[PDB]
Amino acid sequence: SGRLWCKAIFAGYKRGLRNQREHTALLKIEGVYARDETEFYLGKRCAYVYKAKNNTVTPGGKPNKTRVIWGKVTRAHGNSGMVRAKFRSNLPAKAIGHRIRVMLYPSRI
Amino acid sequence: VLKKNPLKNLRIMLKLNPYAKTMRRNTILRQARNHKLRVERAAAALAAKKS
Amino acid sequence: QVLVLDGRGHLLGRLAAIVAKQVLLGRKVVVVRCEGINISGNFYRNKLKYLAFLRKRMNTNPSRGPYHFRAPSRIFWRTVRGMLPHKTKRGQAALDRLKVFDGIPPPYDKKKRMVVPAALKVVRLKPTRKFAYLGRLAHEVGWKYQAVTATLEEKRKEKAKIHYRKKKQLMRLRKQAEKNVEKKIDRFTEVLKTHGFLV
Amino acid sequence: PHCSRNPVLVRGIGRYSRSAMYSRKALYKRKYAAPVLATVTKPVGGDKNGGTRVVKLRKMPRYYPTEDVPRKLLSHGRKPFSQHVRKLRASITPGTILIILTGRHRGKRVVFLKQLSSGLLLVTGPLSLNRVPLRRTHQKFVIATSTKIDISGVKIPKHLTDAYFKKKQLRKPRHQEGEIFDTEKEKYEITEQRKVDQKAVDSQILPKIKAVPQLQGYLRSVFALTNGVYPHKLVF
Amino acid sequence: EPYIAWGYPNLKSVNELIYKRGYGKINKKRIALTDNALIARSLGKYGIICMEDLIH
RNA sequence: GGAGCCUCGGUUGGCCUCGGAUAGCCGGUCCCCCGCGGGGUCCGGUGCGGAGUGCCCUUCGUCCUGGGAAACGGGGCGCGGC
RNA sequence: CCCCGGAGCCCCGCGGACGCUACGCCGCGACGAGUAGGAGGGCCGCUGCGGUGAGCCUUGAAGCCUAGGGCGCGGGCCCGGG
RNA sequence: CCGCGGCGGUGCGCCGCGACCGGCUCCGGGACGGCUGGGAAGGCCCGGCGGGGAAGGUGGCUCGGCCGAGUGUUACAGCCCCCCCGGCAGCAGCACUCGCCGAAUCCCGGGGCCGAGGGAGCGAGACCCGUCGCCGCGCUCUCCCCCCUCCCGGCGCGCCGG
Ligand SMILES: [Mg+2]
Ligand SMILES: [Mg+2]
Ligand SMILES: [Mg+2]
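Peer 1: Which residues make up the overall build of chain B, and what values go with them?
Peer 2: Across its full length, chain B carries three helices and zero strands. The secondary structure elements of chain B, listed N-terminal to C-terminal, are α-α-α. Taking 2.2 N^0.38 as the reference for a compact globule, 51 residues should give roughly 10 Å; the C-alpha atoms of chain B span a radius of gyration of 19 Å, well beyond that estimate. Overall, chain B is about 65 × 15 × 10 Å in size when its C-alpha atoms are taken along their principal axes. In chain B, buried positions account for 20% of the 51 residues. On chain B, roughly 4300 Å² of surface is accessible, and the fraction owed to carbon and sulfur atoms is 57%.

Peer 1: Quick rundown of the interface of chain D and chain B? Include the residues and the values.
Peer 2: Counting residues at the interface gives nine residues for chain D, matched by seven residues for chain B. Carbon and sulfur atoms supply 75% of the area that chain D and chain B bury against each other, a total of about 610 Å² over both sides. Per-residue buried area on chain D facing chain B is highest for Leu9, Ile13 and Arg15 of chain D; these three make up 58% of the total on that side. The interface formed by chain D and chain B contains one residue pair in polar contact. Put simply, the parts of the chain that give the side of chain D that touches chain B at least two residues each are strand 1 (8–10) and strand 2 (13–14) of chain D.

Peer 1: Tell me about helix 6 (residues 134–141) of chain C, and please be specific about residues and values.
Peer 2: Residues and elements named next belong to chain C. When we look at burial in helix 6, the residues that qualify are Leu134, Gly135, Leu137, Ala138 and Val141. Axial view of helix 6: buried residues confined to an arc of 165 degrees, hence all on one face. Where helix 6 is buried, its residues meet helix 1 (12–24), strand 3 (38–40), helix 2 (43–55), helix 3 (72–81), strand 5 (131–133) and helix 7 (146–181). One or two steps after helix 6, the chain reaches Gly142, where phi turns positive at roughly 130 degrees.

Peer 1: Which residues make up the protein's contact with RNA strand G, and what are the values?
Peer 2: By nearness alone, every residue bordering RNA strand G is listed as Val36, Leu37, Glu67 and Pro70 of chain D together with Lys29 and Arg30 of chain E. Here the atoms of RNA strand G within 4 Å of the protein split so that 83% fall in sugar or phosphate, with bases taking the remainder. Here a sugar or linking oxygen of RNA strand G sits 3.1 Å away from a polar atom, N or O, in the side chain of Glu67 of chain D. The residue makeup of the surface near RNA strand G, split by class, is three nonpolar, no polar and three charged.

The rules behind the values
- Residues numbered from 1 in each chain as written, not as in the entry; some residues may be left out.
- Chains lettered and ligands numbered in written order.
- Part of a larger assembly, values for the part shown.
- Heavy atoms only, no water.
- Residues with missing side-chain atoms left out of burial classes, pairs and counts.
- Helix = DSSP H or I, 4+ residues; strand = E, 2+ residues; numbered from the N terminus.
- Rg over C-alpha atoms; globule rule 2.2 N^0.38 Å.
- Buried < 20%, exposed > 50% of the residue type's maximum accessible area, 1.4 Å probe, protein only.
- Areas by Shrake-Rupley, 256 points an atom, 1.4 Å probe, with all protein chains shown as cover.
- Contact = heavy atoms within 4.5 Å.
- Buried area = accessible area lost by both parts, 1.4 Å probe.
- Polar contact = N/O pair within 3.5 Å; in protein donor to acceptor, adjacent residues only side chain to side chain.
- Arc of directions from axis to C-beta.
- Near = heavy atom within 4 Å.
- Nonpolar A, V, L, I, M, F, W, Y, C, P; charged D, E, K, R; others polar.

If you want it as structure tokens, here you go:
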């Protein structure tokens, strides 16, 4: 009856200064800021969840306007608890500075 | 042929050098032996502390 | 869902740095009491540094050239604008989240407002070092509304002192109330200190 | 048909040796001094006039395709799911409590009953309390809370297994084309055996849960992440 | 000198290099030492008939 | 009150002293001064801050009946005045 | 101590691919910047000739156009509709 | 037609799992060697031998209630410290993490990630298939016994007989 996903912001792509490598998102998971606090989140399912003009299908549901791009937090990115993700398609860039949901549900807990 | 890494893949190590089996049979047993003997020292030290 | 940061006691660029990254991660921020921001380095030092910035103008038509904002709010906005990619769409979007004020006006004058302790003067400077209030600075470079901003803030502080007195009054009654009731909240109050509050 | 005369030391390393095993197995004293055309192989039947007829079991085919794929390469260690070995997080012990993370029973709290043959969990958030029946779940989509009921001596039915907790309907042909055929059928009906199973199991648990104060109320409630509380910080 | 790092390898180093990254030169084709039949075929005229002999 | 294109972000709230930093916070004044408060002194508590943002508030299944502790609290986008 | 028109086959010397356009097919290694310049291959492309497709074509050739479907690293190509 | 029997290729579209191997990156455990056959330490205390700061001391002065606090001097040990002789098991590169270098003197278990890329059956009365090398084992064709007990059988949940 509430929220079963931890909040996270799409920081932007894995990139060098002047070559962005679009196939790898970086994820600022809310409340975690140490390459330490982040072994929880390794290998968790994650959703860029967004809605669009035309209708879609929906697993166990009637046709909707919301769509998602699924992905997976792979590894911890640099000291201050950023995390790398990788998504079944690359994230839009429209997406920068927006919510992506890091689930709990490939749990090892 | 795929190179399976001997150092991870026990049976590949054995294929290349069968004396590994024994060397590793020893050094499980050896380490267990000594681990037991450490507990036995620790129990005697606790008994000496109680006395 | 929104930062409100009391810019008093902070350091101009030090705060702006932190605000920029918040703003880039979609955090809507408000920065309040910007005249109270204070800049390291003795006053005179910084006045000249501003006065130099004033000199910078597009010779053939100043009307185009770098617009030197006087108000401390706009100054602080300018320095945060200098740490975003503000020529981009995403940069421009980022600034649109940030909302700066000389003094502390009516939405936020009854909101609790945070303090970035990593930009704070009492921490980041040696006590024997000198600094400048961005107000004074703003005032002398042409900011019109220092005194107005002062006269409105004396009202606010008087208005707030009242709120605090009533707040205190409730807190006090609540401390009394517990003592009045502490045999019929005793086996609740016990359980809230096995799992470690109330201590 | 004796068991394994050397035990396991490590996966792939027996405790003993070659030489100890020779003596244990006793290879001394167990020394084994040991120094178509006309006749048709596999057909044959009966029959009347002329005589008996020689049939041919497995008769050579009446169509060859124009091209067909050519074998594989043996491949060593690739067991089918049934023959797999099954794991279980040490956290999940019998009569522990879970938070089911994924399905319709989502965030609902539950009691864990057993690991089935499959490797799935069997589960019950006693239908009574929670509205979660006898039900399968996966280790991987479940949070093993550090809260246990003592479920030791409850006789879960032997007959309830993977095979029973398994979806049922739909065959092939019928009328098919039009605006009909198995878009209806409509409802999974609960059945009476299923209701009887639940009734039996819950009663053994249900007293046990209650003994723990507030536990029923905990098992009624639903888990969800509020503000300021982060999975990685908190424990369950 | 300023093009290399070098020095005196351990026993373990000689093992780890040979087992993890031991590749024969066998008819000028870099080939991984998957069996002693490779080492022997080439170095067996010296008494070297296995990975272990090689390491020694 | 009914449908019906489109644009999206969101997925508990926090309703506030002032400020200090080689100091502060709270009480209570027995006592004194000022306009229930404000200022003072004195005393008593806290101070790696539990009258803590390391915080607080809020609960997150629905109902039934039939006990206890808690109990006049909540509502009707309940209605008029200050 | 015997014969494969039958040992039943992990090797079979009695006969031999699903494979064998031998300018074919298959396996192992290594390597791959490039102006000027050189060489190879182009089932890349244009126009005409000898051969050859019991080719195609008024039941619609060439050309032209195409937010149609594809192939090829590419030169290019093939189909759908007009 | 029902068998979804055996084999072969497949999935309309979106999904998830599982175990096996390869390559990684981490985590947790343990067991060893060497040294100034580590240095320091700890613990028990005993006998001596000096030296130093500076003391349950004394003393000038100061500050508080003979006592407590703050300076100052000569300096023994009744606060300690340091050297020297002689001797105990508790040490152990020590979870009292004070300072190394390592591993035929080294092993076990666990998590995250990416990838699977090949295809030694095209016979007419007898497999549509295994498997090579390595590990051992495991088993049996050898007898013994012991235990537990899952199925089944028997007797009184207990005991006896795969
Ligand atoms: Mg939504
Ligand atoms: Mg080249
Ligand atoms: Mg050229």
